[PDB]
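Enquirer: model.cif is reproduced in full below (mmCIF, C-alpha atoms and all ligand atoms).
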```
data_protein
#
loop_
_atom_site.label_atom_id
_atom_site.label_comp_id
_atom_site.auth_asym_id
_atom_site.auth_seq_id
_atom_site.Cartn_x
_atom_site.Cartn_y
_atom_site.Cartn_z
CA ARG A 3 -17.98 -194.39 109.38
CA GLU A 4 -16.11 -195.51 106.27
CA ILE A 5 -12.88 -194.13 104.80
CA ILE A 6 -12.40 -194.16 101.03
CA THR A 7 -8.88 -193.96 99.61
CA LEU A 8 -7.60 -192.76 96.24
CA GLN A 9 -4.39 -193.67 94.41
CA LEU A 10 -2.96 -191.37 91.74
CA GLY A 11 0.23 -191.64 89.70
CA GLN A 12 2.78 -194.42 89.63
CA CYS A 13 4.16 -193.79 93.12
CA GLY A 14 0.72 -193.42 94.68
CA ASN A 15 -0.61 -196.54 92.97
CA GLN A 16 2.41 -198.62 94.01
CA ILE A 17 2.37 -197.52 97.65
CA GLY A 18 -1.39 -198.03 97.80
CA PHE A 19 -1.11 -201.52 96.34
CA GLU A 20 1.59 -202.44 98.84
CA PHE A 21 -0.48 -200.93 101.66
CA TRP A 22 -3.44 -203.06 100.62
CA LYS A 23 -1.19 -206.13 100.47
CA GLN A 24 0.03 -205.41 104.00
CA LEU A 25 -3.48 -204.80 105.32
CA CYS A 26 -4.91 -207.93 103.69
CA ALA A 27 -2.05 -209.89 105.24
CA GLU A 28 -2.78 -208.37 108.65
CA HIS A 29 -6.34 -209.70 108.45
CA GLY A 30 -7.39 -213.17 107.36
CA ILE A 31 -8.12 -212.24 103.74
CA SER A 32 -6.61 -214.27 100.91
CA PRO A 33 -5.33 -212.48 97.78
CA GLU A 34 -8.49 -213.84 96.14
CA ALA A 35 -10.53 -211.47 98.36
CA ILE A 36 -11.91 -214.44 100.31
CA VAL A 37 -11.76 -214.54 104.10
CA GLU A 38 -9.60 -217.35 105.48
CA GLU A 39 -10.60 -219.49 108.43
CA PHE A 40 -7.49 -219.35 110.65
CA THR A 45 -12.22 -209.06 116.81
CA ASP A 46 -10.44 -206.87 114.26
CA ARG A 47 -12.82 -204.15 113.06
CA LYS A 48 -12.48 -204.35 109.28
CA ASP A 49 -15.61 -202.53 108.09
CA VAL A 50 -13.91 -199.13 107.84
CA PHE A 51 -11.60 -199.98 104.93
CA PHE A 52 -13.40 -203.03 103.48
CA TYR A 53 -16.90 -203.50 102.07
CA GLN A 54 -18.78 -206.78 102.52
CA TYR A 60 -14.69 -208.50 100.93
CA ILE A 61 -13.65 -205.66 98.62
CA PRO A 62 -11.38 -202.69 99.42
CA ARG A 63 -12.66 -199.15 98.99
CA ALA A 64 -10.04 -198.04 96.48
CA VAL A 65 -10.19 -195.88 93.35
CA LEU A 66 -7.14 -196.47 91.16
CA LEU A 67 -6.26 -193.78 88.63
CA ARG A 72 0.33 -198.60 83.00
CA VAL A 73 1.05 -199.98 86.47
CA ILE A 74 -2.64 -200.91 86.62
CA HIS A 75 -1.76 -203.70 84.18
CA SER A 76 1.00 -204.79 86.57
CA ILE A 77 -1.55 -204.95 89.39
CA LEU A 78 -3.98 -206.86 87.17
CA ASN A 79 -1.24 -209.41 86.46
CA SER A 80 -0.38 -209.65 90.16
CA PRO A 81 -2.04 -212.48 92.14
CA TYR A 82 -4.30 -209.74 93.59
CA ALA A 83 -6.32 -209.24 90.40
CA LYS A 84 -9.41 -210.48 92.28
CA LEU A 85 -9.25 -207.52 94.68
CA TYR A 86 -10.89 -204.78 92.58
CA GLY A 101 3.45 -186.03 80.45
CA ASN A 102 5.62 -184.70 83.28
CA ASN A 103 4.13 -181.21 83.67
CA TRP A 104 1.74 -179.98 86.33
CA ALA A 105 -0.34 -178.02 83.81
CA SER A 106 -0.86 -181.09 81.62
CA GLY A 107 -2.04 -183.05 84.64
CA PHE A 108 -4.44 -180.29 85.67
CA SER A 109 -5.83 -179.98 82.14
CA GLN A 110 -6.35 -183.72 81.73
CA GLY A 111 -7.99 -183.87 85.15
CA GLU A 112 -10.34 -181.09 84.10
CA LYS A 113 -11.13 -183.01 80.90
CA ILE A 114 -12.42 -186.11 82.71
CA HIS A 115 -14.08 -184.45 85.70
CA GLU A 116 -17.46 -186.13 85.22
CA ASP A 117 -15.98 -189.51 84.26
CA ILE A 118 -14.03 -189.98 87.50
CA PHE A 119 -16.58 -188.14 89.63
CA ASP A 120 -19.36 -190.55 88.66
CA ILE A 121 -17.23 -193.36 90.11
CA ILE A 122 -16.38 -191.30 93.19
CA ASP A 123 -20.02 -190.36 93.77
CA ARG A 124 -21.37 -193.89 93.35
CA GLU A 125 -18.74 -195.20 95.76
CA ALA A 126 -19.56 -192.37 98.17
CA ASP A 127 -23.35 -192.64 98.24
CA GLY A 128 -23.06 -196.43 98.25
CA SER A 129 -21.42 -196.11 101.66
CA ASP A 130 -23.47 -195.83 104.85
CA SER A 131 -21.64 -192.88 106.44
CA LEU A 132 -18.58 -191.51 104.66
CA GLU A 133 -15.85 -190.05 106.86
CA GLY A 134 -12.86 -188.97 104.78
CA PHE A 135 -10.76 -189.18 101.60
CA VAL A 136 -7.27 -190.64 102.01
CA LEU A 137 -5.09 -189.51 99.11
CA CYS A 138 -1.77 -191.23 98.35
CA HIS A 139 0.28 -189.48 95.67
CA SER A 140 3.77 -188.18 94.98
CA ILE A 141 4.09 -184.42 94.46
CA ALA A 142 7.06 -184.89 92.12
CA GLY A 144 4.30 -186.13 87.09
CA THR A 145 0.62 -186.09 86.19
CA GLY A 146 -0.21 -187.30 89.69
CA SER A 147 0.69 -183.91 91.16
CA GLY A 148 -1.67 -181.86 89.01
CA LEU A 149 -4.38 -184.51 89.11
CA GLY A 150 -4.31 -184.55 92.91
CA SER A 151 -4.36 -180.75 92.88
CA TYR A 152 -7.51 -180.75 90.75
CA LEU A 153 -9.14 -183.51 92.79
CA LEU A 154 -8.44 -181.69 96.05
CA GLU A 155 -9.99 -178.51 94.67
CA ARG A 156 -13.08 -180.33 93.41
CA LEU A 157 -13.53 -182.26 96.67
CA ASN A 158 -13.29 -179.03 98.65
CA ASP A 159 -15.96 -177.73 96.26
CA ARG A 160 -18.47 -180.59 96.40
CA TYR A 161 -18.10 -182.23 99.82
CA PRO A 162 -17.75 -179.58 102.55
CA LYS A 163 -18.05 -181.91 105.56
CA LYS A 164 -15.46 -184.56 104.65
CA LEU A 165 -11.99 -184.57 106.18
CA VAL A 166 -9.17 -184.99 103.66
CA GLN A 167 -5.90 -186.59 104.78
CA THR A 168 -3.02 -186.95 102.34
CA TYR A 169 -0.06 -189.34 102.46
CA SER A 170 1.95 -187.16 100.10
CA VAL A 171 5.50 -188.19 99.22
CA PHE A 172 8.28 -185.59 98.85
CA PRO A 173 11.21 -186.00 96.41
CA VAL A 183 10.93 -178.63 86.64
CA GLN A 184 10.39 -180.60 89.84
CA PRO A 185 10.37 -177.50 92.12
CA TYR A 186 7.51 -175.99 90.11
CA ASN A 187 5.22 -179.00 90.52
CA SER A 188 6.21 -179.45 94.16
CA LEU A 189 5.46 -175.84 95.11
CA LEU A 190 2.15 -175.89 93.24
CA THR A 191 1.14 -179.02 95.14
CA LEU A 192 2.10 -177.31 98.41
CA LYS A 193 0.00 -174.29 97.43
CA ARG A 194 -3.04 -176.49 96.87
CA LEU A 195 -2.37 -178.60 99.98
CA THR A 196 -1.98 -175.76 102.49
CA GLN A 197 -5.64 -174.71 102.30
CA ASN A 198 -7.63 -177.71 101.06
CA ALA A 199 -6.30 -180.81 102.84
CA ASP A 200 -7.43 -180.75 106.47
CA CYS A 201 -4.34 -182.82 107.35
CA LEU A 202 -1.15 -184.02 105.71
CA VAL A 203 1.70 -186.47 106.34
CA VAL A 204 5.05 -185.85 104.66
CA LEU A 205 7.30 -188.60 103.30
CA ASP A 206 10.69 -187.62 101.87
CA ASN A 207 12.45 -190.11 99.60
CA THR A 208 15.82 -188.68 100.66
CA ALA A 209 15.44 -189.70 104.31
CA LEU A 210 14.02 -193.08 103.29
CA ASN A 211 17.01 -193.71 101.01
CA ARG A 212 19.36 -192.63 103.80
CA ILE A 213 17.78 -195.12 106.20
CA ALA A 214 17.90 -197.81 103.51
CA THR A 215 21.62 -197.34 102.95
CA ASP A 216 22.25 -197.13 106.71
CA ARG A 217 20.33 -200.06 108.19
CA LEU A 218 19.13 -201.98 105.11
CA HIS A 219 22.25 -201.76 102.88
CA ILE A 220 20.61 -201.51 99.47
CA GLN A 221 23.62 -200.00 97.66
CA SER A 224 15.31 -199.54 95.01
CA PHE A 225 11.66 -198.50 94.88
CA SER A 226 10.41 -201.97 95.84
CA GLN A 227 12.50 -201.80 99.04
CA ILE A 228 11.72 -198.32 100.35
CA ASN A 229 8.06 -198.99 99.54
CA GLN A 230 8.17 -201.77 102.14
CA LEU A 231 9.04 -199.31 104.91
CA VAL A 232 6.53 -196.82 103.49
CA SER A 233 3.72 -199.38 103.63
CA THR A 234 4.81 -200.39 107.13
CA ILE A 235 4.51 -196.79 108.34
CA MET A 236 1.17 -196.37 106.57
CA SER A 237 -0.34 -199.58 107.98
CA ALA A 238 0.87 -198.66 111.46
CA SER A 239 -0.60 -195.16 111.02
CA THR A 240 -4.25 -196.32 111.01
CA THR A 241 -3.75 -199.04 113.62
CA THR A 242 -6.08 -197.58 116.25
CA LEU A 243 -8.97 -197.43 113.77
CA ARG A 244 -9.01 -201.16 113.00
CA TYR A 245 -8.37 -202.46 116.54
CA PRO A 246 -10.82 -200.65 118.84
CA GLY A 247 -9.46 -199.28 122.09
CA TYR A 248 -10.51 -196.91 124.85
CA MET A 249 -9.91 -193.83 122.67
CA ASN A 250 -9.23 -193.04 119.00
CA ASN A 251 -12.17 -194.76 117.32
CA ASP A 252 -12.50 -192.17 114.54
CA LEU A 253 -10.32 -190.00 112.33
CA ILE A 254 -11.31 -186.81 114.17
CA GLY A 255 -9.94 -188.34 117.36
CA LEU A 256 -6.54 -188.52 115.67
CA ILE A 257 -6.70 -185.16 113.89
CA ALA A 258 -8.21 -182.75 116.42
CA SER A 259 -5.73 -183.82 119.10
CA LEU A 260 -2.62 -182.88 117.11
CA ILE A 261 -3.54 -180.00 114.78
CA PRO A 262 -4.32 -177.01 117.04
CA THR A 263 -4.93 -174.41 114.31
CA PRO A 264 -6.07 -174.90 110.69
CA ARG A 265 -2.71 -173.76 109.28
CA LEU A 266 -0.23 -175.97 111.18
CA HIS A 267 -1.38 -179.20 109.57
CA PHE A 268 1.86 -180.90 108.49
CA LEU A 269 3.01 -183.97 110.42
CA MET A 270 6.09 -186.20 110.47
CA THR A 271 6.46 -189.88 111.30
CA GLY A 272 8.83 -192.06 113.29
CA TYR A 273 9.12 -195.85 113.54
CA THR A 274 11.71 -197.17 115.98
CA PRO A 275 11.62 -201.02 115.62
CA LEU A 276 13.80 -201.79 112.61
CA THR A 288 11.91 -204.20 126.29
CA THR A 289 10.04 -201.50 128.20
CA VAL A 290 7.97 -198.61 126.90
CA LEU A 291 10.58 -196.22 128.28
CA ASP A 292 13.17 -197.64 125.89
CA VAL A 293 10.71 -197.28 123.00
CA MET A 294 9.91 -193.66 123.86
CA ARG A 295 13.60 -192.83 124.28
CA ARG A 296 14.47 -194.38 120.91
CA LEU A 297 11.53 -192.65 119.21
CA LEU A 298 12.52 -189.07 120.06
CA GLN A 299 15.98 -189.63 118.56
CA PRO A 300 16.51 -187.72 115.28
CA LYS A 301 18.07 -190.89 113.83
CA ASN A 302 14.64 -192.45 113.17
CA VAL A 303 12.42 -189.54 112.11
CA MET A 304 11.69 -189.58 108.36
CA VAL A 305 12.75 -185.95 107.94
CA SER A 306 15.87 -184.49 106.33
CA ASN A 314 14.58 -171.89 117.64
CA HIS A 315 12.54 -175.09 117.33
CA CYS A 316 10.09 -177.04 119.48
CA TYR A 317 7.16 -179.45 119.36
CA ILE A 318 3.45 -178.74 118.95
CA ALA A 319 1.90 -182.18 119.52
CA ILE A 320 3.21 -185.74 119.86
CA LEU A 321 1.28 -189.00 119.57
CA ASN A 322 2.64 -192.48 120.31
CA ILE A 323 1.06 -195.77 119.25
CA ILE A 324 2.35 -198.91 120.97
CA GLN A 325 1.33 -202.21 119.38
CA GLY A 326 3.03 -204.55 121.86
CA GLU A 327 1.82 -206.67 124.76
CA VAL A 328 3.66 -204.45 127.26
CA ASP A 329 2.52 -203.88 130.82
CA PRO A 330 0.32 -200.75 130.58
CA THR A 331 1.15 -199.60 134.13
CA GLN A 332 4.67 -198.35 133.33
CA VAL A 333 3.57 -195.78 130.74
CA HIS A 334 2.92 -193.06 133.32
CA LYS A 335 6.35 -193.70 134.81
CA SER A 336 7.80 -193.43 131.30
CA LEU A 337 6.17 -190.04 130.80
CA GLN A 338 7.28 -188.89 134.25
CA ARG A 339 10.90 -189.77 133.52
CA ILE A 340 10.73 -188.22 130.04
CA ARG A 341 9.52 -184.97 131.59
CA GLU A 342 12.23 -185.24 134.26
CA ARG A 343 15.17 -185.71 131.89
CA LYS A 344 13.75 -183.03 129.53
CA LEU A 345 14.35 -184.82 126.23
CA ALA A 346 11.88 -182.72 124.21
CA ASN A 347 10.61 -179.14 124.20
CA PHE A 348 7.12 -177.75 123.67
CA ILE A 349 5.49 -174.50 122.55
CA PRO A 350 5.78 -171.68 125.11
CA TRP A 351 2.42 -170.03 124.45
CA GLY A 352 -0.18 -172.78 124.74
CA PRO A 353 -0.36 -175.91 126.88
CA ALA A 354 0.77 -178.73 124.60
CA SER A 355 1.35 -182.28 125.82
CA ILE A 356 2.25 -185.72 124.48
CA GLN A 357 -0.41 -188.42 124.09
CA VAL A 358 0.19 -192.17 124.12
CA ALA A 359 -2.12 -195.03 123.16
CA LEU A 360 -1.84 -198.81 122.95
CA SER A 361 -3.27 -201.43 120.62
CA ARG A 362 -2.93 -205.11 119.67
CA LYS A 363 -0.80 -206.67 116.96
CA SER A 364 -2.49 -208.84 114.35
CA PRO A 365 -2.52 -212.37 115.83
CA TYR A 366 -2.51 -213.98 112.38
CA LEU A 367 0.78 -212.24 111.53
CA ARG A 372 7.43 -208.64 119.79
CA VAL A 373 6.92 -204.96 120.66
CA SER A 374 6.69 -202.12 118.13
CA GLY A 375 5.77 -198.44 118.13
CA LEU A 376 5.06 -195.42 115.94
CA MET A 377 5.16 -191.68 116.57
CA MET A 378 3.30 -188.85 114.83
CA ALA A 379 4.74 -185.39 115.50
CA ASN A 380 3.90 -181.77 114.72
CA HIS A 381 7.40 -180.27 114.56
CA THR A 382 8.10 -176.73 113.37
CA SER A 383 11.33 -177.89 111.69
CA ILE A 384 9.42 -179.29 108.69
CA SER A 385 9.21 -175.76 107.26
CA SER A 386 12.93 -176.06 106.49
CA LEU A 387 12.14 -178.54 103.71
CA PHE A 388 9.76 -176.08 102.03
CA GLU A 389 12.48 -173.41 102.15
CA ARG A 390 14.72 -175.59 99.99
CA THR A 391 11.98 -175.95 97.38
CA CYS A 392 11.26 -172.23 97.75
CA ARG A 393 14.96 -171.49 97.32
CA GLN A 394 15.18 -173.66 94.22
CA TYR A 395 12.12 -171.93 92.76
CA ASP A 396 13.89 -168.59 93.10
CA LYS A 397 16.95 -170.13 91.47
CA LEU A 398 14.62 -171.42 88.76
CA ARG A 399 12.84 -168.06 88.47
CA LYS A 400 16.06 -166.27 87.43
CA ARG A 401 17.45 -168.84 84.96
CA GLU A 402 14.51 -170.05 82.80
CA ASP A 416 -0.27 -167.03 79.17
CA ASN A 417 0.09 -165.02 82.39
CA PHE A 418 2.33 -167.24 84.59
CA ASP A 419 0.84 -165.61 87.69
CA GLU A 420 -0.45 -168.77 89.39
CA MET A 421 3.11 -169.80 90.26
CA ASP A 422 3.64 -166.35 91.77
CA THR A 423 0.52 -166.73 93.91
CA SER A 424 1.78 -170.17 94.96
CA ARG A 425 5.12 -168.69 96.02
CA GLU A 426 3.23 -166.00 97.93
CA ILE A 427 1.09 -168.45 99.89
CA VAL A 428 3.97 -170.80 100.68
CA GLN A 429 5.93 -167.78 101.91
CA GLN A 430 2.93 -167.01 104.12
CA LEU A 431 3.00 -170.57 105.45
CA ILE A 432 6.74 -170.55 106.16
CA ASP A 433 6.39 -167.20 107.94
CA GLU A 434 3.57 -168.64 110.05
CA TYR A 435 5.69 -171.67 110.97
CA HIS A 436 8.62 -169.43 111.90
CA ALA A 437 6.35 -167.26 114.05
CA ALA A 438 4.78 -170.30 115.71
CA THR A 439 7.93 -170.89 117.79
CA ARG A 440 7.72 -167.51 119.55
CA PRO A 441 6.30 -166.91 123.05
CA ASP A 442 3.87 -164.40 121.51
CA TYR A 443 2.71 -166.45 118.52
CA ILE A 444 -0.82 -165.21 119.21
CA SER A 445 -1.45 -162.08 117.12
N1 LIG B 501 8.98 -193.23 97.51
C1 LIG B 501 8.71 -193.65 96.25
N2 LIG B 501 8.59 -192.72 95.27
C2 LIG B 501 8.32 -193.09 93.99
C3 LIG B 501 8.14 -194.52 93.70
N3 LIG B 501 7.88 -194.61 92.38
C4 LIG B 501 7.89 -193.35 91.88
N4 LIG B 501 8.15 -192.44 92.84
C5 LIG B 501 8.23 -190.98 92.64
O1 LIG B 501 7.36 -190.59 91.58
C6 LIG B 501 8.01 -189.67 90.71
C7 LIG B 501 7.68 -190.02 89.27
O2 LIG B 501 6.29 -189.83 89.04
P1 LIG B 501 5.64 -190.26 87.63
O3 LIG B 501 5.45 -191.76 87.58
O4 LIG B 501 6.50 -189.79 86.48
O5 LIG B 501 4.22 -189.52 87.61
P2 LIG B 501 3.31 -189.58 86.29
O6 LIG B 501 3.96 -188.77 85.19
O7 LIG B 501 1.95 -189.02 86.60
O8 LIG B 501 3.18 -191.02 85.84
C8 LIG B 501 9.50 -189.76 90.99
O9 LIG B 501 10.04 -188.45 91.20
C9 LIG B 501 9.64 -190.58 92.25
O10 LIG B 501 10.21 -189.78 93.28
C10 LIG B 501 8.28 -195.47 94.82
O11 LIG B 501 8.15 -196.69 94.65
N5 LIG B 501 8.56 -194.97 96.03
#
```
Could you quickly redo this structure as structure tokens?
Expert:
Amino acid sequence: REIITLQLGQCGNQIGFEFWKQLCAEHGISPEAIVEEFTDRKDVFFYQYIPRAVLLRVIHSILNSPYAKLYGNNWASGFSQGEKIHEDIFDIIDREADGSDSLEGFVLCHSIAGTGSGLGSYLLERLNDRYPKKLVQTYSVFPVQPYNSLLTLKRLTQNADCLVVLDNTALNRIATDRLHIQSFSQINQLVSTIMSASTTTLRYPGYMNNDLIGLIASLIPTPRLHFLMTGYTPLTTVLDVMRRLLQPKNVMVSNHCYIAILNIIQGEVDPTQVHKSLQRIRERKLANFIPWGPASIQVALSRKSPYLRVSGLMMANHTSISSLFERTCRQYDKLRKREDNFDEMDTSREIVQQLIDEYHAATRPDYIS
């Protein structure tokens, strides 16, 4: 099973290039796409070595980078231009798809803030049209801006079978707090770190989580609640890691309870103390769960890249994320009363209102019906 990734817009292209840099460094692959001498399953993201990427001005910057051997501002303009070159890009996508043995998904890295937003909208629609059996995960990055953002949310709440949010505000906050920057090229480091650590269990095989469905179907219980948040504590026992992870100081997010939690530990820790960690976490009652269905926290281990200490990442399904949408929603209303049919934006507002209502109803003991 092979995962193909797509990079749209300046932000998406930059974060994808840095992610590929990080991943090539994790393995023994020189910038010249030649394996270095110096166990790690690398077939998923690399083709025998060339990455499975589809880039769509900064391309010249990448071509001038040492890694050359490795390959307007409106939403409506982006959508129109994406409709204009449907066949041109889809020939590339189809040749790269059918060239693969068994395709699995379509990772999409883009910022919902110019042309990237509408282009990703169009691509998501067309991929939902053509390929009906391919999971679509999206590493979308959150910031006339409210218009584009809400349109992207409208297209993402029904097409993408999963989604991971990344807000530049929280990243900048963490940068000023514990990195003391005052830049794109600095927050992108942490972004690429989180991304590389996200797909750790796919490249280093373990007891469980050998496929994307193993990561998705565990967290997302219903097809609507498919927005996740990330946490990365190392910026030592597993209990300390789990206690530092659940702190709101580290989560990349600007009653309420949890739906599903997943922990990935990349250290050489003793794997016998994890059950004690979970026992004590349940004892002290540091986190709450849904009252209707039985929801638990899952933990998995892995191995750090030997060619490159204890780290850890956390993927959560928290109902608080809806708050962010509200802000956008709010701004849209503020933008709707200040200034062919202009009805698509109204439908977008309607469906995002539906989604926020569903999130707000999810935290009730009678969420069913
Ligand atoms: N987190 C992050 N966001 C970025 C970076 N570069 C650009 N962005 C976002 O991308 C948006 C600009 O997109 P733009 O390049 O104009 O899209 P285009 O019109 O299709 O080229 C801004 O609102 C930024 O928030 C980056 O390095 N990191």
Enquirer: For atom CA of residue A:264 and atom CA of residue A:197, quote the distance in Å rounded to one decimal.
Expert: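 Interatomic distance here is 8.4 Å.
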Enquirer: Using all atoms listed in the file, pick whichever of A:13, A:233, A:226, A:36 has the shortest atom-to-atom distance to residue A:140.
Expert: A:13
Enquirer: Please build the interface table for chain A against ligand LIG 501 (chain B) with a cut-off of 6 Å, listing for each qualifying residue the nearest atom pair and the distance in Å to one decimal; count all atoms listed in the file, order rows by chain and increasing number, and write it as a tab-separated table.
Expert:
```
residue	atom	partner	partner_atom	distance
A:11	CA	B:LIG501	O7	4.4
A:12	CA	B:LIG501	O3	4.3
A:13	CA	B:LIG501	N3	3.9
A:101	CA	B:LIG501	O6	5.5
A:102	CA	B:LIG501	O6	4.8
A:140	CA	B:LIG501	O1	5.5
A:142	CA	B:LIG501	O9	4.7
A:144	CA	B:LIG501	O6	3.3
A:145	CA	B:LIG501	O7	3.2
A:146	CA	B:LIG501	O7	4.1
A:173	CA	B:LIG501	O10	5.0
A:207	CA	B:LIG501	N1	5.1
A:225	CA	B:LIG501	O11	4.0
A:226	CA	B:LIG501	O11	5.9
A:229	CA	B:LIG501	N5	5.4
```
Enquirer: I need the chosen residues saved as a PDB file, in the coordinates of the input, with C-alpha atoms.
Expert:
```pdb
ATOM      1  CA  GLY A  11       0.230-191.640  89.700  1.00  0.00           C
ATOM      2  CA  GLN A  12       2.780-194.420  89.630  1.00  0.00           C
ATOM      3  CA  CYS A  13       4.160-193.790  93.120  1.00  0.00           C
ATOM      4  CA  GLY A 101       3.450-186.030  80.450  1.00  0.00           C
ATOM      5  CA  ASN A 102       5.620-184.700  83.280  1.00  0.00           C
ATOM      6  CA  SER A 140       3.770-188.180  94.980  1.00  0.00           C
ATOM      7  CA  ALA A 142       7.060-184.890  92.120  1.00  0.00           C
ATOM      8  CA  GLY A 144       4.300-186.130  87.090  1.00  0.00           C
ATOM      9  CA  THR A 145       0.620-186.090  86.190  1.00  0.00           C
ATOM     10  CA  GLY A 146      -0.210-187.300  89.690  1.00  0.00           C
ATOM     11  CA  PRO A 173      11.210-186.000  96.410  1.00  0.00           C
ATOM     12  CA  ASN A 207      12.450-190.110  99.600  1.00  0.00           C
ATOM     13  CA  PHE A 225      11.660-198.500  94.880  1.00  0.00           C
ATOM     14  CA  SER A 226      10.410-201.970  95.840  1.00  0.00           C
ATOM     15  CA  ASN A 229       8.060-198.990  99.540  1.00  0.00           C
TER      16      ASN A 229
END
```
Enquirer: As lines of an AutoDock Vina configuration file, please report the centre and edge lengths, rounded to one decimal in Å, of the axis-aligned box that holds all listed atoms of stretch 358-377 of chain A with 8 Å of padding on each of the six sides.
Expert:
```
center_x = 2.1
center_y = -202.8
center_z = 117.8
size_x = 26.7
size_y = 38.3
size_z = 28.6
```
Enquirer: Taking 5 positions as the minimum chain separation for residues in the same chain, which residues sit within 10 Å of residue A:383 when counting only C-alpha atoms? Answer as a list in words.
Expert: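 The neighbour list is residues 270, 305, 306, 314, 315, 316, 317, 388, 435, 436 and 439 of chain A.
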Enquirer: Write out the residues from the selection above, keeping C-alpha atoms, as a short mmCIF file (atom, residue, chain, number, x, y, z; two decimals), in the coordinates of the input.
Expert:
```cif
data_model
loop_
_atom_site.label_atom_id
_atom_site.label_comp_id
_atom_site.auth_asym_id
_atom_site.auth_seq_id
_atom_site.Cartn_x
_atom_site.Cartn_y
_atom_site.Cartn_z
CA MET A 270 6.09 -186.20 110.47
CA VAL A 305 12.75 -185.95 107.94
CA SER A 306 15.87 -184.49 106.33
CA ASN A 314 14.58 -171.89 117.64
CA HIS A 315 12.54 -175.09 117.33
CA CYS A 316 10.09 -177.04 119.48
CA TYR A 317 7.16 -179.45 119.36
CA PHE A 388 9.76 -176.08 102.03
CA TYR A 435 5.69 -171.67 110.97
CA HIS A 436 8.62 -169.43 111.90
CA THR A 439 7.93 -170.89 117.79
#
```
